[PDB]
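Note sheet for the following structure.
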Amino acid sequence: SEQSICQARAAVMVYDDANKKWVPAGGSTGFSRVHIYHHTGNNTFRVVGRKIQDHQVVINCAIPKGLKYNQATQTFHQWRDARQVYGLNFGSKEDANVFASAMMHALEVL
Ligand SMILES: CC(=O)N[C@@H](Cc1ccccc1Cl)C(=O)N1CCC[C@]12C=C[C@@H]1CC[C@@H](C(=O)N3CC[C@@H]4C=C[C@H]5C=C[C@@H](C(=O)O)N5C(=O)[C@H]43)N1C2=O
Ligand SMILES: [Br-]
Ligand SMILES: [Br-]
């Protein structure tokens, strides 16, 4: 089965490569509950975020082994895939540190 190993509150953003700016994931700005989930068997992790107001899934992306997770500032962290760059604007330094730590520890289990 699948298990949430950590969660944190963050405004989830994606980078608009064409206009050089960050835009809100899913179309509207606001905080989401962002989880890292582990699936047993094939030992995979994914980031899944749902907007707190309406449960819209704003991010659902795989965490591949060797993913480069960038702590750009104390409360904005980011990573990429082929299609998009994702950014989490955390509610506090503490939320960020919790999430970052779970991510770094996931990358060691992969
Ligand atoms: C090599 C590479 O991919 N580099 C990436 C970052 C990264 C490094 C390691 C691993 C993964 C990633 Cl995504 C990179 O530099 N990127 C990807 C998106 C666009 C950007 C490339 C150039 C620009 C320059 C400034 C920086 C950026 O986007 N920043 C810096 C921190 C700041 C913090 C928050 C967001 C929120 C709104 C916007 C703003 O402040 O107006 N922000 C920014 O402007 C953010 N940029 C980036 O982060
Ligand atoms: Br829970
Ligand atoms: Br496993």
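Quick note: the coordinates plus some simple rules give every number you see, no bench work behind them. Cβ atoms come from the backbone with ideal geometry, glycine included; neighbour counts cover every protein chain shown.
Brief remarks follow.
- Residue within the stretch 99-109 that is within 20 Å of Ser4 (Cα to Cα) and of a type in the set (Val, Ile, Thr) present: yes
- Cβ pairs under 8 Å, 6+ apart, first in the stretch 23-48 and within 16 Å of ligand 3 (Cβ to nearest atom), second among the acidic types (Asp, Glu) and part of a strand (DSSP E or B): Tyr37/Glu2; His38/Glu2; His39/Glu2; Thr40/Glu2
- Filtering the stretch 95-110 to residues that are surrounded by 12 or more Cβ atoms within 10 Å (Cβ to Cβ) and either away from ligand 3 (no atom under 16 Å from the Cβ) or under 12 Å from the mean Cα position of the chain (by Cα) (or both) leaves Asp95, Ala96, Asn97, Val98, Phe99, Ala100, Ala102, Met103.
- Checking each residue in the stretch 1-22 for being hydrophobic (A, V, I, L, M, F, W, C) and in contact with a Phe, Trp or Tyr (Cβ under 8 Å, 6 or more places away or on another chain) picks out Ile5, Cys6, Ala8, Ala10, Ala11, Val12, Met13, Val14, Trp22.
- Looking only at the stretch 79-94, and only at residues there that are more than 15 Å from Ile36 (Cβ to Cβ) and free of Cβ contacts under 8 Å to residues at least 40 places away in the same chain, the one that is nearest to ligand 3 (Cβ to nearest atom): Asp81
- Residues being within 16 Å of ligand 1 (Cβ to nearest atom) and among the aromatic types (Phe, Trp, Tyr) - total across the stretch 4-58: 3
- Top-ranked residue of the stretch 49-66 - restricted to ones that are closer than 16 Å to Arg9 by Cβ, surrounded by fewer than 17 Cβ atoms within 10 Å (Cβ to Cβ) and free of Cβ contacts under 8 Å to residues at least 24 places away in the same chain, ranked as nearest to ligand 3 (Cβ to nearest atom): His55
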